[PDB]
file upload_11.cif (mmCIF, N, CA and C atoms)
data_my_file
loop_
_atom_site.label_atom_id
_atom_site.label_comp_id
_atom_site.auth_asym_id
_atom_site.auth_seq_id
_atom_site.Cartn_x
_atom_site.Cartn_y
_atom_site.Cartn_z
N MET A 1 -5.72 -6.59 25.48
CA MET A 1 -4.83 -6.66 26.67
C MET A 1 -5.32 -7.71 27.67
N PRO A 2 -6.61 -7.65 28.06
CA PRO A 2 -7.19 -8.60 29.00
C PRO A 2 -7.62 -9.90 28.33
N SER A 3 -6.71 -10.51 27.59
CA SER A 3 -7.00 -11.76 26.90
C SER A 3 -5.77 -12.27 26.15
N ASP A 4 -5.12 -11.37 25.42
CA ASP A 4 -3.92 -11.72 24.66
C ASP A 4 -2.82 -10.69 24.86
N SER A 5 -1.60 -11.06 24.50
CA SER A 5 -0.45 -10.17 24.65
C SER A 5 0.22 -9.92 23.30
N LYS A 6 0.54 -11.00 22.60
CA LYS A 6 1.19 -10.90 21.30
C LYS A 6 0.42 -11.70 20.25
N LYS A 7 0.20 -11.09 19.09
CA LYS A 7 -0.53 -11.75 18.01
C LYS A 7 0.00 -11.30 16.65
N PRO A 8 -0.24 -12.09 15.59
CA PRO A 8 0.22 -11.76 14.24
C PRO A 8 -0.50 -10.55 13.67
N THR A 9 -1.74 -10.33 14.12
CA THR A 9 -2.55 -9.20 13.66
C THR A 9 -2.49 -9.06 12.14
N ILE A 10 -2.84 -10.14 11.45
CA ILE A 10 -2.83 -10.16 10.00
C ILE A 10 -4.24 -10.32 9.45
N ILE A 11 -4.86 -9.21 9.07
CA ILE A 11 -6.20 -9.23 8.53
C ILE A 11 -6.42 -8.09 7.53
N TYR A 12 -6.31 -8.42 6.25
CA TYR A 12 -6.51 -7.43 5.19
C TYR A 12 -7.23 -8.04 4.00
N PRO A 13 -8.57 -8.00 4.01
CA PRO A 13 -9.38 -8.56 2.94
C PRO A 13 -9.66 -7.54 1.83
N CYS A 14 -8.62 -7.18 1.09
CA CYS A 14 -8.75 -6.22 0.00
C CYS A 14 -7.81 -6.56 -1.15
N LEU A 15 -7.86 -5.76 -2.21
CA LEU A 15 -7.00 -5.97 -3.37
C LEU A 15 -5.57 -5.55 -3.07
N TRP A 16 -4.64 -6.47 -3.27
CA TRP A 16 -3.23 -6.19 -3.02
C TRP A 16 -2.45 -6.09 -4.33
N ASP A 17 -1.51 -5.15 -4.37
CA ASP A 17 -0.69 -4.94 -5.56
C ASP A 17 0.76 -5.32 -5.28
N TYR A 18 1.33 -6.16 -6.14
CA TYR A 18 2.71 -6.60 -5.97
C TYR A 18 3.55 -6.26 -7.20
N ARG A 19 4.63 -5.52 -6.99
CA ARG A 19 5.52 -5.13 -8.07
C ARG A 19 6.50 -6.26 -8.38
N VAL A 20 6.21 -7.03 -9.42
CA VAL A 20 7.06 -8.15 -9.80
C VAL A 20 7.77 -7.88 -11.13
N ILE A 21 9.10 -7.94 -11.11
CA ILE A 21 9.89 -7.71 -12.32
C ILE A 21 10.64 -8.97 -12.73
N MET A 22 10.76 -9.19 -14.03
CA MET A 22 11.46 -10.35 -14.54
C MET A 22 12.65 -9.94 -15.40
N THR A 23 13.68 -10.78 -15.42
CA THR A 23 14.88 -10.50 -16.20
C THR A 23 15.20 -11.66 -17.13
N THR A 24 14.37 -11.85 -18.14
CA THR A 24 14.56 -12.92 -19.10
C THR A 24 14.03 -12.53 -20.48
N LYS A 25 14.59 -13.15 -21.52
CA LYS A 25 14.18 -12.87 -22.89
C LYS A 25 13.22 -13.94 -23.40
N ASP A 26 12.48 -14.55 -22.48
CA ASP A 26 11.53 -15.60 -22.83
C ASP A 26 10.30 -15.54 -21.93
N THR A 27 9.92 -14.33 -21.53
CA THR A 27 8.76 -14.14 -20.66
C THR A 27 7.45 -14.27 -21.44
N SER A 28 7.55 -14.43 -22.76
CA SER A 28 6.37 -14.57 -23.61
C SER A 28 5.44 -15.66 -23.08
N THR A 29 6.02 -16.66 -22.43
CA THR A 29 5.25 -17.77 -21.88
C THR A 29 4.45 -17.31 -20.66
N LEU A 30 4.99 -16.33 -19.94
CA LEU A 30 4.33 -15.81 -18.76
C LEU A 30 3.24 -14.82 -19.14
N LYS A 31 3.56 -13.91 -20.05
CA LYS A 31 2.60 -12.91 -20.51
C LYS A 31 1.36 -13.57 -21.09
N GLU A 32 1.49 -14.83 -21.52
CA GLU A 32 0.37 -15.57 -22.09
C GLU A 32 -0.39 -16.33 -21.02
N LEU A 33 0.32 -16.73 -19.97
CA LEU A 33 -0.30 -17.48 -18.87
C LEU A 33 -0.88 -16.52 -17.83
N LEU A 34 -0.25 -15.36 -17.68
CA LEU A 34 -0.70 -14.36 -16.72
C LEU A 34 -1.93 -13.62 -17.25
N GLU A 35 -2.06 -13.58 -18.57
CA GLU A 35 -3.18 -12.90 -19.21
C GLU A 35 -4.41 -13.80 -19.30
N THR A 36 -4.25 -15.07 -18.90
CA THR A 36 -5.36 -16.03 -18.95
C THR A 36 -6.56 -15.52 -18.15
N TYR A 37 -6.28 -14.85 -17.04
CA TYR A 37 -7.33 -14.31 -16.19
C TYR A 37 -8.25 -15.42 -15.68
N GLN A 38 -7.64 -16.52 -15.22
CA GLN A 38 -8.40 -17.65 -14.70
C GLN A 38 -9.27 -17.22 -13.52
N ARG A 39 -8.62 -16.68 -12.49
CA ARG A 39 -9.33 -16.22 -11.30
C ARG A 39 -9.40 -14.70 -11.27
N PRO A 40 -10.18 -14.12 -10.34
CA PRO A 40 -10.33 -12.67 -10.22
C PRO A 40 -9.01 -11.97 -9.91
N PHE A 41 -8.15 -11.86 -10.91
CA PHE A 41 -6.85 -11.21 -10.74
C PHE A 41 -6.51 -10.37 -11.97
N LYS A 42 -5.69 -9.34 -11.76
CA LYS A 42 -5.27 -8.47 -12.85
C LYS A 42 -3.80 -8.10 -12.72
N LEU A 43 -3.24 -7.53 -13.78
CA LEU A 43 -1.84 -7.13 -13.78
C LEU A 43 -1.66 -5.78 -14.46
N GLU A 44 -0.92 -4.89 -13.82
CA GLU A 44 -0.68 -3.56 -14.37
C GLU A 44 0.66 -3.53 -15.11
N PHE A 45 0.60 -3.67 -16.42
CA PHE A 45 1.80 -3.66 -17.25
C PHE A 45 2.56 -2.35 -17.10
N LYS A 46 3.85 -2.44 -16.80
CA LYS A 46 4.68 -1.26 -16.63
C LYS A 46 5.21 -0.77 -17.98
N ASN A 47 5.52 -1.71 -18.87
CA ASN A 47 6.03 -1.38 -20.19
C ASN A 47 5.75 -2.50 -21.18
N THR A 48 5.53 -2.13 -22.44
CA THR A 48 5.25 -3.10 -23.48
C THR A 48 6.53 -3.58 -24.14
N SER A 49 7.44 -2.65 -24.39
CA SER A 49 8.72 -2.98 -25.01
C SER A 49 9.70 -1.81 -24.89
N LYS A 50 9.59 -1.06 -23.80
CA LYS A 50 10.46 0.08 -23.56
C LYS A 50 11.58 -0.29 -22.58
N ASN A 51 11.22 -1.03 -21.54
CA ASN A 51 12.19 -1.45 -20.54
C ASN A 51 13.13 -2.52 -21.10
N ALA A 52 14.20 -2.07 -21.75
CA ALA A 52 15.17 -2.99 -22.33
C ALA A 52 16.21 -3.42 -21.30
N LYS A 53 15.74 -4.05 -20.23
CA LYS A 53 16.62 -4.51 -19.17
C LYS A 53 15.87 -5.40 -18.18
N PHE A 54 14.78 -4.88 -17.64
CA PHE A 54 13.97 -5.62 -16.68
C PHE A 54 12.48 -5.47 -16.99
N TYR A 55 11.81 -6.60 -17.16
CA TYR A 55 10.38 -6.59 -17.46
C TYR A 55 9.58 -6.38 -16.18
N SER A 56 8.98 -5.20 -16.06
CA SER A 56 8.19 -4.87 -14.89
C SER A 56 6.70 -5.13 -15.13
N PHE A 57 6.06 -5.77 -14.16
CA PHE A 57 4.64 -6.09 -14.25
C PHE A 57 4.00 -6.08 -12.86
N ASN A 58 2.81 -5.49 -12.76
CA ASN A 58 2.11 -5.43 -11.49
C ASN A 58 1.07 -6.54 -11.38
N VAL A 59 0.64 -6.82 -10.15
CA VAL A 59 -0.34 -7.88 -9.91
C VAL A 59 -1.40 -7.44 -8.90
N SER A 60 -2.62 -7.25 -9.38
CA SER A 60 -3.73 -6.84 -8.53
C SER A 60 -4.77 -7.96 -8.44
N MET A 61 -4.94 -8.52 -7.25
CA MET A 61 -5.90 -9.60 -7.05
C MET A 61 -6.54 -9.53 -5.67
N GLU A 62 -7.67 -10.22 -5.52
CA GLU A 62 -8.39 -10.23 -4.25
C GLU A 62 -7.63 -11.01 -3.18
N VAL A 63 -7.39 -10.36 -2.05
CA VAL A 63 -6.68 -10.98 -0.94
C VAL A 63 -7.52 -10.93 0.33
N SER A 64 -7.47 -12.00 1.11
CA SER A 64 -8.23 -12.09 2.35
C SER A 64 -7.31 -12.07 3.57
N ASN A 65 -6.10 -12.57 3.40
CA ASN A 65 -5.13 -12.61 4.49
C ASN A 65 -3.79 -13.18 4.03
N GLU A 66 -2.86 -13.36 4.97
CA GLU A 66 -1.55 -13.90 4.65
C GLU A 66 -1.66 -15.20 3.87
N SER A 67 -2.70 -15.97 4.17
CA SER A 67 -2.93 -17.25 3.49
C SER A 67 -2.84 -17.08 1.98
N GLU A 68 -3.63 -16.15 1.45
CA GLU A 68 -3.62 -15.88 0.02
C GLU A 68 -2.30 -15.25 -0.40
N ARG A 69 -1.92 -14.18 0.30
CA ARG A 69 -0.67 -13.48 0.01
C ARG A 69 0.49 -14.47 -0.18
N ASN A 70 0.41 -15.60 0.51
CA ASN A 70 1.44 -16.62 0.41
C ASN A 70 1.25 -17.47 -0.84
N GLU A 71 0.00 -17.62 -1.26
CA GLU A 71 -0.32 -18.40 -2.45
C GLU A 71 -0.18 -17.55 -3.71
N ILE A 72 -0.50 -16.26 -3.58
CA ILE A 72 -0.41 -15.34 -4.71
C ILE A 72 1.04 -15.04 -5.05
N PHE A 73 1.91 -15.11 -4.05
CA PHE A 73 3.33 -14.84 -4.24
C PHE A 73 4.03 -16.02 -4.92
N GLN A 74 3.60 -17.23 -4.57
CA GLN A 74 4.19 -18.43 -5.14
C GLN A 74 3.62 -18.72 -6.52
N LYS A 75 2.40 -18.26 -6.76
CA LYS A 75 1.74 -18.48 -8.05
C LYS A 75 2.31 -17.55 -9.11
N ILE A 76 2.58 -16.30 -8.74
CA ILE A 76 3.13 -15.32 -9.67
C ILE A 76 4.59 -15.62 -9.98
N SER A 77 5.29 -16.19 -9.00
CA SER A 77 6.70 -16.53 -9.17
C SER A 77 6.87 -18.02 -9.46
N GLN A 78 5.83 -18.62 -10.04
CA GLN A 78 5.86 -20.04 -10.37
C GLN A 78 6.96 -20.34 -11.38
N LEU A 79 6.96 -19.61 -12.49
CA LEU A 79 7.96 -19.79 -13.53
C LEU A 79 9.36 -19.54 -12.99
N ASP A 80 10.35 -19.59 -13.88
CA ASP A 80 11.74 -19.37 -13.50
C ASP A 80 12.32 -18.17 -14.23
N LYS A 81 11.46 -17.19 -14.53
CA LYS A 81 11.89 -15.98 -15.23
C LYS A 81 12.07 -14.83 -14.25
N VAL A 82 11.01 -14.52 -13.51
CA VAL A 82 11.04 -13.43 -12.54
C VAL A 82 12.28 -13.50 -11.65
N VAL A 83 12.89 -12.35 -11.41
CA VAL A 83 14.09 -12.28 -10.58
C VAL A 83 13.89 -11.33 -9.40
N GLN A 84 13.31 -10.17 -9.68
CA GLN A 84 13.06 -9.18 -8.64
C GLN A 84 11.58 -9.13 -8.28
N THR A 85 11.30 -9.16 -6.98
CA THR A 85 9.92 -9.12 -6.49
C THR A 85 9.78 -8.14 -5.33
N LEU A 86 8.58 -7.59 -5.17
CA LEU A 86 8.31 -6.64 -4.10
C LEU A 86 7.06 -7.03 -3.32
#
call {"tool": "encode", "arguments": {"input": "upload_11.cif", "output": "structure tokens"}}
result
Amino acid sequence: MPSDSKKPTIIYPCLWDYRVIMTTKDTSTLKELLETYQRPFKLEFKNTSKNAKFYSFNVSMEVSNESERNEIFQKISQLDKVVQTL
């Protein structure tokens, strides 16, 4: 109060999970690139071949702030398959 009034207040240095679903019959290219595990990141597979409509996949990676959250969102949605994101 005795210094600032309004701020973004964005500080969360922990593992964030994003529910990303894709609607394409050619995600094989993503499942191979997402499984690379280049950086400290993981994905929680929702279904192997049961969801005959929308491919659901989770994304768990180290986050420090909006900076990453903005890079992690654009990196996961890099391809042109994913349609629904959370």
call {"tool": "resolve_selection", "arguments": {"input": "upload_11.cif", "expression": "the PyMOL selection byres (((chain A and resi 15 and name CA) around 7) and name CA)", "output": "ChimeraX atom specification"}}
result
/A:14,16-17,60-63
call {"tool": "closest_residue", "arguments": {"input": "upload_11.cif", "among": "A:43, A:33, A:85, A:21", "to": "residue 56 in chain A", "atoms": "only N, CA and C atoms"}}
result
A:21
call {"tool": "closest_residue", "arguments": {"input": "upload_11.cif", "among": "A:86, A:49, A:40, A:72", "to": "residue 18 in chain A", "atoms": "only N, CA and C atoms"}}
result
A:86
call {"tool": "residues_around", "arguments": {"input": "upload_11.cif", "residues": "range 76-81 of chain A", "least_positions_apart": "4", "cutoff": "8 Å", "atoms": "only C-alpha atoms", "output": "list in words"}}
result
residues 22, 23, 24, 26, 27, 30 and 72 of chain A
call {"tool": "atom_distance", "arguments": {"input": "upload_11.cif", "atom1": "CA of residue 52 in chain A", "atom2": "atom N of residue 36 in chain A"}}
result
23.1 Å
call {"tool": "atom_distance", "arguments": {"input": "upload_11.cif", "atom1": "CA of residue 5 in chain A", "atom2": "CA of residue 68 in chain A"}}
result
25.5 Å
call {"tool": "resolve_selection", "arguments": {"input": "upload_11.cif", "expression": "the PyMOL selection byres ((chain A and resi 65) around 8)", "output": "list in words"}}
result
residues 10, 11, 12, 13, 14, 62, 63, 64, 66, 67, 68, 69, 70 and 71 of chain A
call {"tool": "decode", "arguments": {"input": "upload_11.cif", "residues": "range 13-70 of chain A", "atoms": "C-alpha atoms", "output": "short mmCIF file (atom, residue, chain, number, x, y, z; two decimals), in the first residue's frame"}}
result
data_model
loop_
_atom_site.label_atom_id
_atom_site.label_comp_id
_atom_site.auth_asym_id
_atom_site.auth_seq_id
_atom_site.Cartn_x
_atom_site.Cartn_y
_atom_site.Cartn_z
CA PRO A 13 7.92 -20.80 -9.62
CA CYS A 14 6.48 -24.31 -9.69
CA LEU A 15 5.36 -27.10 -12.03
CA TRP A 16 2.36 -26.07 -14.12
CA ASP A 17 -0.07 -28.44 -15.83
CA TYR A 18 -1.85 -27.49 -19.06
CA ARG A 19 -4.69 -29.53 -20.56
CA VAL A 20 -4.01 -29.45 -24.31
CA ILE A 21 -6.23 -31.39 -26.72
CA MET A 22 -5.72 -31.91 -30.45
CA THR A 23 -8.20 -32.73 -33.20
CA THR A 24 -6.19 -34.26 -36.04
CA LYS A 25 -5.40 -37.68 -37.51
CA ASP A 26 -1.71 -36.85 -37.91
CA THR A 27 -0.57 -36.05 -34.37
CA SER A 28 2.01 -38.85 -34.68
CA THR A 29 4.50 -36.10 -35.48
CA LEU A 30 3.73 -34.37 -32.19
CA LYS A 31 3.73 -37.49 -30.02
CA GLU A 32 7.25 -38.07 -31.34
CA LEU A 33 8.46 -34.50 -30.82
CA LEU A 34 6.74 -34.06 -27.45
CA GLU A 35 8.26 -37.31 -26.19
CA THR A 36 11.76 -36.05 -27.04
CA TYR A 37 12.04 -34.72 -23.49
CA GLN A 38 14.60 -32.10 -24.53
CA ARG A 39 14.10 -29.90 -21.47
CA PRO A 40 12.76 -30.70 -17.95
CA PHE A 41 9.17 -31.23 -19.11
CA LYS A 42 6.62 -34.04 -19.05
CA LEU A 43 3.19 -34.89 -20.46
CA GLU A 44 0.30 -36.80 -18.90
CA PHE A 45 -1.28 -38.87 -21.66
CA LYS A 46 -5.07 -38.93 -21.31
CA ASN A 47 -5.63 -41.77 -23.77
CA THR A 48 -3.57 -44.03 -26.04
CA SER A 49 -6.27 -44.86 -28.58
CA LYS A 50 -9.61 -44.65 -26.76
CA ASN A 51 -10.56 -41.02 -27.41
CA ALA A 52 -11.87 -41.42 -30.96
CA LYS A 53 -12.61 -37.72 -31.37
CA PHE A 54 -10.15 -35.48 -29.53
CA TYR A 55 -6.58 -36.32 -28.57
CA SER A 56 -6.11 -35.20 -24.97
CA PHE A 57 -2.62 -34.68 -23.56
CA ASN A 58 -1.29 -32.97 -20.42
CA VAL A 59 1.88 -30.90 -20.05
CA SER A 60 3.87 -30.70 -16.81
CA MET A 61 7.00 -28.54 -16.84
CA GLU A 62 9.01 -26.21 -14.62
CA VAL A 63 7.60 -22.68 -14.58
CA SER A 64 9.06 -19.55 -12.98
CA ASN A 65 6.54 -16.91 -14.09
CA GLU A 66 4.33 -15.61 -16.91
CA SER A 67 7.51 -15.36 -18.99
CA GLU A 68 7.76 -19.14 -19.24
CA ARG A 69 4.00 -19.73 -19.23
CA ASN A 70 4.01 -17.62 -22.39
#
